[PDB]
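Asker: Input protein.pdb, format and content: PDB, C-alpha atoms.
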ATOM      1  CA  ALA G   1      34.204  95.243 155.762  1.00  0.00           C
ATOM      2  CA  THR G   2      33.898  97.641 158.708  1.00  0.00           C
ATOM      3  CA  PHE G   3      30.542  98.162 160.431  1.00  0.00           C
ATOM      4  CA  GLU G   4      29.895 101.211 162.612  1.00  0.00           C
ATOM      5  CA  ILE G   5      27.010 100.625 165.032  1.00  0.00           C
ATOM      6  CA  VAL G   6      25.587 103.860 166.459  1.00  0.00           C
ATOM      7  CA  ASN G   7      22.997 104.094 169.247  1.00  0.00           C
ATOM      8  CA  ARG G   8      21.071 107.286 168.519  1.00  0.00           C
ATOM      9  CA  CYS G   9      18.186 106.154 170.748  1.00  0.00           C
ATOM     10  CA  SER G  10      17.675 108.062 173.986  1.00  0.00           C
ATOM     11  CA  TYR G  11      17.908 104.816 175.974  1.00  0.00           C
ATOM     12  CA  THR G  12      20.822 102.401 176.236  1.00  0.00           C
ATOM     13  CA  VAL G  13      20.935  99.503 173.781  1.00  0.00           C
ATOM     14  CA  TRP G  14      23.123  96.393 173.793  1.00  0.00           C
ATOM     15  CA  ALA G  15      24.172  95.917 170.175  1.00  0.00           C
ATOM     16  CA  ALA G  16      24.823  92.394 168.941  1.00  0.00           C
ATOM     17  CA  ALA G  17      26.552  90.946 165.878  1.00  0.00           C
ATOM     18  CA  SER G  18      26.377  87.252 165.022  1.00  0.00           C
ATOM     19  CA  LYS G  19      26.098  84.911 162.045  1.00  0.00           C
ATOM     20  CA  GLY G  20      24.117  82.310 164.014  1.00  0.00           C
ATOM     21  CA  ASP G  21      26.912  79.797 164.569  1.00  0.00           C
ATOM     22  CA  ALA G  22      29.624  82.192 165.791  1.00  0.00           C
ATOM     23  CA  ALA G  23      30.111  85.780 166.914  1.00  0.00           C
ATOM     24  CA  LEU G  24      31.034  88.703 164.665  1.00  0.00           C
ATOM     25  CA  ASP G  25      34.101  90.431 166.164  1.00  0.00           C
ATOM     26  CA  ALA G  26      33.223  90.967 169.855  1.00  0.00           C
ATOM     27  CA  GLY G  27      29.647  89.872 169.149  1.00  0.00           C
ATOM     28  CA  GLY G  28      27.982  92.259 171.592  1.00  0.00           C
ATOM     29  CA  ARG G  29      28.548  95.531 173.430  1.00  0.00           C
ATOM     30  CA  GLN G  30      26.595  97.969 175.575  1.00  0.00           C
ATOM     31  CA  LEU G  31      25.804 101.139 173.604  1.00  0.00           C
ATOM     32  CA  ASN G  32      24.878 104.299 175.468  1.00  0.00           C
ATOM     33  CA  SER G  33      23.005 107.078 173.699  1.00  0.00           C
ATOM     34  CA  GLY G  34      25.136 108.521 170.921  1.00  0.00           C
ATOM     35  CA  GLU G  35      27.836 105.870 171.357  1.00  0.00           C
ATOM     36  CA  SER G  36      29.314 104.351 168.200  1.00  0.00           C
ATOM     37  CA  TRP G  37      30.706 100.804 168.147  1.00  0.00           C
ATOM     38  CA  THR G  38      33.026  99.854 165.278  1.00  0.00           C
ATOM     39  CA  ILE G  39      33.473  96.169 164.421  1.00  0.00           C
ATOM     40  CA  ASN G  40      35.407  94.334 161.721  1.00  0.00           C
ATOM     41  CA  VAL G  41      33.326  91.691 159.939  1.00  0.00           C
ATOM     42  CA  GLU G  42      35.404  89.117 158.088  1.00  0.00           C
ATOM     43  CA  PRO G  43      35.063  89.224 154.279  1.00  0.00           C
ATOM     44  CA  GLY G  44      32.885  86.578 152.704  1.00  0.00           C
ATOM     45  CA  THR G  45      30.514  86.747 155.672  1.00  0.00           C
ATOM     46  CA  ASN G  46      27.274  84.935 154.799  1.00  0.00           C
ATOM     47  CA  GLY G  47      24.063  85.744 156.653  1.00  0.00           C
ATOM     48  CA  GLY G  48      25.297  88.063 159.387  1.00  0.00           C
ATOM     49  CA  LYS G  49      22.783  89.753 161.674  1.00  0.00           C
ATOM     50  CA  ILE G  50      23.041  92.949 163.730  1.00  0.00           C
ATOM     51  CA  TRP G  51      20.299  93.999 166.147  1.00  0.00           C
ATOM     52  CA  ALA G  52      19.730  95.934 169.371  1.00  0.00           C
ATOM     53  CA  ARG G  53      18.923  94.428 172.766  1.00  0.00           C
ATOM     54  CA  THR G  54      16.894  96.655 175.087  1.00  0.00           C
ATOM     55  CA  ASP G  55      16.547  96.625 178.884  1.00  0.00           C
ATOM     56  CA  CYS G  56      19.461  94.316 179.621  1.00  0.00           C
ATOM     57  CA  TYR G  57      21.282  93.418 182.829  1.00  0.00           C
ATOM     58  CA  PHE G  58      24.638  91.655 183.039  1.00  0.00           C
ATOM     59  CA  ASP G  59      27.022  90.549 185.777  1.00  0.00           C
ATOM     60  CA  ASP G  60      30.819  90.789 185.642  1.00  0.00           C
ATOM     61  CA  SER G  61      30.950  87.351 183.994  1.00  0.00           C
ATOM     62  CA  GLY G  62      28.718  88.497 181.132  1.00  0.00           C
ATOM     63  CA  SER G  63      25.508  86.541 181.823  1.00  0.00           C
ATOM     64  CA  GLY G  64      22.164  88.276 182.105  1.00  0.00           C
ATOM     65  CA  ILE G  65      18.672  88.862 180.771  1.00  0.00           C
ATOM     66  CA  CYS G  66      17.390  91.138 178.012  1.00  0.00           C
ATOM     67  CA  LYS G  67      13.773  92.115 177.433  1.00  0.00           C
ATOM     68  CA  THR G  68      14.265  91.936 173.648  1.00  0.00           C
ATOM     69  CA  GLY G  69      16.872  90.190 171.525  1.00  0.00           C
ATOM     70  CA  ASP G  70      18.479  88.061 174.239  1.00  0.00           C
ATOM     71  CA  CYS G  71      21.028  85.665 172.736  1.00  0.00           C
ATOM     72  CA  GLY G  72      21.119  82.892 175.303  1.00  0.00           C
ATOM     73  CA  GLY G  73      21.798  85.261 178.185  1.00  0.00           C
ATOM     74  CA  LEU G  74      25.246  86.460 177.078  1.00  0.00           C
ATOM     75  CA  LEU G  75      26.438  90.004 176.423  1.00  0.00           C
ATOM     76  CA  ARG G  76      28.599  88.734 173.553  1.00  0.00           C
ATOM     77  CA  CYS G  77      26.242  86.877 171.218  1.00  0.00           C
ATOM     78  CA  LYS G  78      27.017  83.591 169.482  1.00  0.00           C
ATOM     79  CA  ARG G  79      23.518  82.953 168.076  1.00  0.00           C
ATOM     80  CA  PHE G  80      20.660  85.128 166.880  1.00  0.00           C
ATOM     81  CA  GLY G  81      18.640  87.239 169.260  1.00  0.00           C
ATOM     82  CA  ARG G  82      15.211  86.253 170.415  1.00  0.00           C
ATOM     83  CA  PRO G  83      12.171  87.976 168.817  1.00  0.00           C
ATOM     84  CA  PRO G  84      11.029  90.630 168.594  1.00  0.00           C
ATOM     85  CA  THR G  85      14.032  92.363 167.007  1.00  0.00           C
ATOM     86  CA  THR G  86      14.582  94.632 164.042  1.00  0.00           C
ATOM     87  CA  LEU G  87      17.295  92.871 162.045  1.00  0.00           C
ATOM     88  CA  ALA G  88      20.065  94.271 159.856  1.00  0.00           C
ATOM     89  CA  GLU G  89      20.926  91.264 157.688  1.00  0.00           C
ATOM     90  CA  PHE G  90      24.000  91.294 155.458  1.00  0.00           C
ATOM     91  CA  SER G  91      25.864  88.841 153.221  1.00  0.00           C
ATOM     92  CA  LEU G  92      29.333  90.066 152.256  1.00  0.00           C
ATOM     93  CA  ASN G  93      31.372  89.111 149.177  1.00  0.00           C
ATOM     94  CA  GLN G  94      28.852  86.937 147.327  1.00  0.00           C
ATOM     95  CA  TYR G  95      30.400  86.540 143.857  1.00  0.00           C
ATOM     96  CA  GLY G  96      31.854  90.045 143.826  1.00  0.00           C
ATOM     97  CA  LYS G  97      28.835  91.706 145.452  1.00  0.00           C
ATOM     98  CA  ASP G  98      27.415  92.531 148.873  1.00  0.00           C
ATOM     99  CA  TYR G  99      23.803  92.149 150.005  1.00  0.00           C
ATOM    100  CA  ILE G 100      22.207  94.134 152.840  1.00  0.00           C
ATOM    101  CA  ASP G 101      18.638  94.500 154.084  1.00  0.00           C
ATOM    102  CA  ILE G 102      16.530  95.252 157.154  1.00  0.00           C
ATOM    103  CA  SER G 103      14.037  92.568 158.177  1.00  0.00           C
ATOM    104  CA  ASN G 104      10.847  92.681 160.234  1.00  0.00           C
ATOM    105  CA  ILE G 105      10.408  88.922 159.729  1.00  0.00           C
ATOM    106  CA  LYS G 106      11.402  88.418 163.385  1.00  0.00           C
ATOM    107  CA  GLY G 107       9.345  91.346 164.681  1.00  0.00           C
ATOM    108  CA  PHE G 108      10.351  94.859 165.655  1.00  0.00           C
ATOM    109  CA  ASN G 109      11.865  96.499 168.725  1.00  0.00           C
ATOM    110  CA  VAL G 110      14.068  99.427 167.648  1.00  0.00           C
ATOM    111  CA  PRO G 111      13.904 101.677 164.559  1.00  0.00           C
ATOM    112  CA  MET G 112      16.909 100.941 162.388  1.00  0.00           C
ATOM    113  CA  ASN G 113      18.914 102.478 159.555  1.00  0.00           C
ATOM    114  CA  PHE G 114      21.314 100.275 157.558  1.00  0.00           C
ATOM    115  CA  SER G 115      23.431 102.370 155.199  1.00  0.00           C
ATOM    116  CA  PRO G 116      26.770 101.923 153.414  1.00  0.00           C
ATOM    117  CA  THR G 117      29.467 104.413 154.371  1.00  0.00           C
ATOM    118  CA  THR G 118      31.311 103.912 151.067  1.00  0.00           C
ATOM    119  CA  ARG G 119      30.122 104.876 147.595  1.00  0.00           C
ATOM    120  CA  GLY G 120      27.945 102.649 145.453  1.00  0.00           C
ATOM    121  CA  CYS G 121      24.553 101.751 146.911  1.00  0.00           C
ATOM    122  CA  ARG G 122      21.614 103.111 148.899  1.00  0.00           C
ATOM    123  CA  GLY G 123      20.703 102.407 152.505  1.00  0.00           C
ATOM    124  CA  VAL G 124      17.538 101.009 154.053  1.00  0.00           C
ATOM    125  CA  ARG G 125      15.474 102.534 156.837  1.00  0.00           C
ATOM    126  CA  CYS G 126      12.696 101.148 159.051  1.00  0.00           C
ATOM    127  CA  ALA G 127      12.168 104.095 161.401  1.00  0.00           C
ATOM    128  CA  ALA G 128       8.373 103.956 161.700  1.00  0.00           C
ATOM    129  CA  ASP G 129       6.930 103.829 165.221  1.00  0.00           C
ATOM    130  CA  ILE G 130       5.833 100.212 164.921  1.00  0.00           C
ATOM    131  CA  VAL G 131       5.626  99.495 168.665  1.00  0.00           C
ATOM    132  CA  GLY G 132       3.121 102.289 169.264  1.00  0.00           C
ATOM    133  CA  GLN G 133       0.854 101.188 166.411  1.00  0.00           C
ATOM    134  CA  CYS G 134       1.547  97.489 167.016  1.00  0.00           C
ATOM    135  CA  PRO G 135      -1.576  95.289 166.837  1.00  0.00           C
ATOM    136  CA  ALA G 136      -2.891  93.948 170.124  1.00  0.00           C
ATOM    137  CA  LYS G 137      -1.882  90.307 169.686  1.00  0.00           C
ATOM    138  CA  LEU G 138       1.575  91.084 168.266  1.00  0.00           C
ATOM    139  CA  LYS G 139       2.405  93.194 171.338  1.00  0.00           C
ATOM    140  CA  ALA G 140       5.262  91.659 173.280  1.00  0.00           C
ATOM    141  CA  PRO G 141       4.790  92.288 177.031  1.00  0.00           C
ATOM    142  CA  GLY G 142       8.528  92.910 177.419  1.00  0.00           C
ATOM    143  CA  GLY G 143       8.587  95.600 174.765  1.00  0.00           C
ATOM    144  CA  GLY G 144       8.633  95.638 170.993  1.00  0.00           C
ATOM    145  CA  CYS G 145       6.231  94.146 168.472  1.00  0.00           C
ATOM    146  CA  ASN G 146       6.292  90.421 167.726  1.00  0.00           C
ATOM    147  CA  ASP G 147       5.795  88.830 164.330  1.00  0.00           C
ATOM    148  CA  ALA G 148       2.993  86.429 163.454  1.00  0.00           C
ATOM    149  CA  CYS G 149       4.976  83.181 163.345  1.00  0.00           C
ATOM    150  CA  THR G 150       6.463  83.825 166.799  1.00  0.00           C
ATOM    151  CA  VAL G 151       2.993  84.408 168.272  1.00  0.00           C
ATOM    152  CA  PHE G 152       0.787  81.907 166.440  1.00  0.00           C
ATOM    153  CA  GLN G 153       3.130  79.181 165.100  1.00  0.00           C
ATOM    154  CA  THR G 154       1.219  78.300 161.915  1.00  0.00           C
ATOM    155  CA  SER G 155       2.505  77.139 158.528  1.00  0.00           C
ATOM    156  CA  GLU G 156       1.028  80.278 156.961  1.00  0.00           C
ATOM    157  CA  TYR G 157       2.843  82.798 159.163  1.00  0.00           C
ATOM    158  CA  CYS G 158       6.038  80.720 159.241  1.00  0.00           C
ATOM    159  CA  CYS G 159       6.226  79.776 155.531  1.00  0.00           C
ATOM    160  CA  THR G 160       7.420  76.288 156.411  1.00  0.00           C
ATOM    161  CA  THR G 161       7.293  74.898 152.858  1.00  0.00           C
ATOM    162  CA  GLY G 162       7.727  78.275 151.147  1.00  0.00           C
ATOM    163  CA  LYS G 163       4.182  78.511 149.762  1.00  0.00           C
ATOM    164  CA  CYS G 164       2.753  81.218 152.039  1.00  0.00           C
ATOM    165  CA  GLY G 165       1.622  84.735 151.197  1.00  0.00           C
ATOM    166  CA  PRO G 166       0.849  88.077 152.840  1.00  0.00           C
ATOM    167  CA  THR G 167      -1.346  88.227 155.935  1.00  0.00           C
ATOM    168  CA  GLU G 168      -2.879  90.778 158.303  1.00  0.00           C
ATOM    169  CA  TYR G 169       0.198  90.969 160.519  1.00  0.00           C
ATOM    170  CA  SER G 170       2.687  90.969 157.632  1.00  0.00           C
ATOM    171  CA  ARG G 171       0.925  93.867 155.894  1.00  0.00           C
ATOM    172  CA  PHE G 172       1.121  95.843 159.146  1.00  0.00           C
ATOM    173  CA  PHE G 173       4.924  95.704 159.153  1.00  0.00           C
ATOM    174  CA  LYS G 174       4.807  96.399 155.410  1.00  0.00           C
ATOM    175  CA  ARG G 175       2.651  99.525 155.685  1.00  0.00           C
ATOM    176  CA  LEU G 176       4.683 101.094 158.501  1.00  0.00           C
ATOM    177  CA  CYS G 177       8.053 100.025 157.020  1.00  0.00           C
ATOM    178  CA  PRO G 178       7.796  99.519 153.240  1.00  0.00           C
ATOM    179  CA  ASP G 179      11.562  99.072 152.786  1.00  0.00           C
ATOM    180  CA  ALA G 180      11.833  96.040 155.101  1.00  0.00           C
ATOM    181  CA  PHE G 181      10.954  92.366 154.813  1.00  0.00           C
ATOM    182  CA  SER G 182       7.534  91.666 156.296  1.00  0.00           C
ATOM    183  CA  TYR G 183       7.480  87.891 155.757  1.00  0.00           C
ATOM    184  CA  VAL G 184       9.689  85.162 154.315  1.00  0.00           C
ATOM    185  CA  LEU G 185       8.450  85.304 150.711  1.00  0.00           C
ATOM    186  CA  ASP G 186       8.032  89.090 150.674  1.00  0.00           C
ATOM    187  CA  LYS G 187       9.197  90.759 147.477  1.00  0.00           C
ATOM    188  CA  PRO G 188      12.916  91.382 148.090  1.00  0.00           C
ATOM    189  CA  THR G 189      13.928  94.828 149.287  1.00  0.00           C
ATOM    190  CA  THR G 190      17.535  93.604 149.496  1.00  0.00           C
ATOM    191  CA  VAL G 191      20.001  96.232 148.270  1.00  0.00           C
ATOM    192  CA  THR G 192      22.980  95.095 146.201  1.00  0.00           C
ATOM    193  CA  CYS G 193      26.227  96.840 147.140  1.00  0.00           C
ATOM    194  CA  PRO G 194      29.776  96.794 145.762  1.00  0.00           C
ATOM    195  CA  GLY G 195      31.831  94.005 147.267  1.00  0.00           C
ATOM    196  CA  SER G 196      33.940  94.906 150.304  1.00  0.00           C
ATOM    197  CA  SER G 197      31.709  97.869 151.168  1.00  0.00           C
ATOM    198  CA  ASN G 198      31.588  99.479 154.609  1.00  0.00           C
ATOM    199  CA  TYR G 199      28.362 100.077 156.513  1.00  0.00           C
ATOM    200  CA  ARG G 200      26.795 101.897 159.448  1.00  0.00           C
ATOM    201  CA  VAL G 201      23.882 100.582 161.526  1.00  0.00           C
ATOM    202  CA  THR G 202      21.959 103.276 163.409  1.00  0.00           C
ATOM    203  CA  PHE G 203      19.345 102.662 166.097  1.00  0.00           C
ATOM    204  CA  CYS G 204      16.595 105.315 166.134  1.00  0.00           C
ATOM    205  CA  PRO G 205      17.875 107.334 163.149  1.00  0.00           C
ATOM    206  CA  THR G 206      15.046 109.890 163.113  1.00  0.00           C
ATOM    207  CA  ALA G 207      15.118 110.451 166.891  1.00  0.00           C
TER     208      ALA G 207
END
Output the structure of this file as structure tokens.
Answerer:
Amino acid sequence: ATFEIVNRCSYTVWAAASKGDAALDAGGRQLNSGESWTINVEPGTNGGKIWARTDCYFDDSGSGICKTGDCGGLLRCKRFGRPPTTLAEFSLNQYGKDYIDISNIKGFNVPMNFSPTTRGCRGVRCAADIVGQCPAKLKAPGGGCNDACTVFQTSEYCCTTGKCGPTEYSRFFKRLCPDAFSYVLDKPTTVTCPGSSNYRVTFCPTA
């Protein structure tokens, strides 16, 4: 499966691709406005995540800081980015099928469009201006909009035992972005796609 990552945002983003334990292809690249970054994700990839890191600085070695989505300080990510981050989550080749979705479970930082380039399935979009309408407590001082579990650390927001339900802060992400996951046990908006499909992740699709 080939993923094309496009930065349509006016500002520079540092795209990142990782499955938590290892990197996906390069695992991270600076994306100027309008730049497209093509990566090859190995088939059978389970639980891969693509997100955008904003306001990043890096030395020649590749170690630096990001205001949102920093993955241990490295340009090329080996683990998942730190909240808040809009997440494009995909599981490839799962019994002859592919599974994609966009998640606000870890907050929000950049509007995202996750669409398949090949025929078969529909794409997901979370392009609502969540940061502007972000509630006061969920506001991350370094940009973006945090989730509830990151801010408050309670069994209800975090769904530790998988018995939680919707809250104030989950319904906020749900009302702005209906097509994305607001919390762990949210009704699945995951789109099923033909196996071995190709995708495109776009930051700021509407603008």
Asker: Name the closest residue to residue G:80 among the candidates G:137, G:19, G:67, G:106; distances are taken between atoms, counting all atoms listed in the file.
Answerer: G:19
Asker: Exactly which residues make up the result of the PyMOL selection byres ((chain G and resi 87) around 10) on this file, given as a VMD selection string?
Answerer: chain G and resid 48 to 52 69 80 to 81 83 to 86 88 to 90 101 to 112 114 126 180 to 181
Asker: Check which residues satisfy the PyMOL selection byres ((chain G and resi 171) around 12) in the file shown, then give them as a ChimeraX atom specification.
Answerer: /G:104-105,134-135,147-148,157,165-170,172-178,180-183,186
Asker: Any idea what the distance is between atom CA of residue G:202 and atom CA of residue G:8?
Answerer: 6.6 Å
Asker: When the PyMOL selection byres ((chain G and resi 12-17) around 10) is applied to the structure above, which residues does it catch, written out as number ranges by chain?
Answerer: G: 3, 5-11, 18-20, 22-35, 37, 39, 41, 48-57, 66, 68-71, 75-81, 88-89, 110, 201, 203
Asker: Taking only C-alpha atoms into account, name the residue in G:145, G:128, G:92, G:65 that is nearest to residue G:46.
Answerer: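 Among G:145, G:128, G:92, G:65, it is G:92 that comes nearest to residue G:46.
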Asker: With distances taken over only C-alpha atoms, which of G:95, G:47, G:207, G:199 is nearest to residue G:121?
Answerer: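 Among the listed residues, the smallest separation from residue G:121 belongs to G:199.
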Asker: Please, what distance in Å, to one decimal, runs between atom CA of residue G:132 and atom CA of residue G:144?
Answerer: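 One can read the atom CA of residue G:132 to atom CA of residue G:144 distance as 8.8 Å.
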Asker: Within 9 Å of (16.8, 98.2, 149.1) (file coordinates; all atoms listed in the file), which protein or nucleic acid residues are there? I'd like them as a count of residues only.
Answerer: 15
Asker: When you look at residue G:97 with a cut-off of 10 Å (counting all atoms listed in the file), what residues show up, excluding the ones that are within fewer than 2 positions of it in the same chain? I need them as an MDAnalysis selection string.
Answerer: chainID G and resid 44 91:95 99 192:197
Asker: At what distance in Å, to one decimal, does atom CA of residue G:184 lie from atom CA of residue G:156?
Answerer: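 Interatomic distance here is 10.3 Å.
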Asker: My list of candidates is G:131, G:164, G:187, G:58. Which is closest to residue G:146 when distances are computed with only C-alpha atoms?
Answerer: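 Nearest to residue G:146: G:131.
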Asker: I need the residue nearest residue G:152 from this list: G:138, G:129, G:185, G:59. Use only C-alpha atoms for the distance.
Answerer: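 Among the listed residues, the smallest separation from residue G:152 belongs to G:138.
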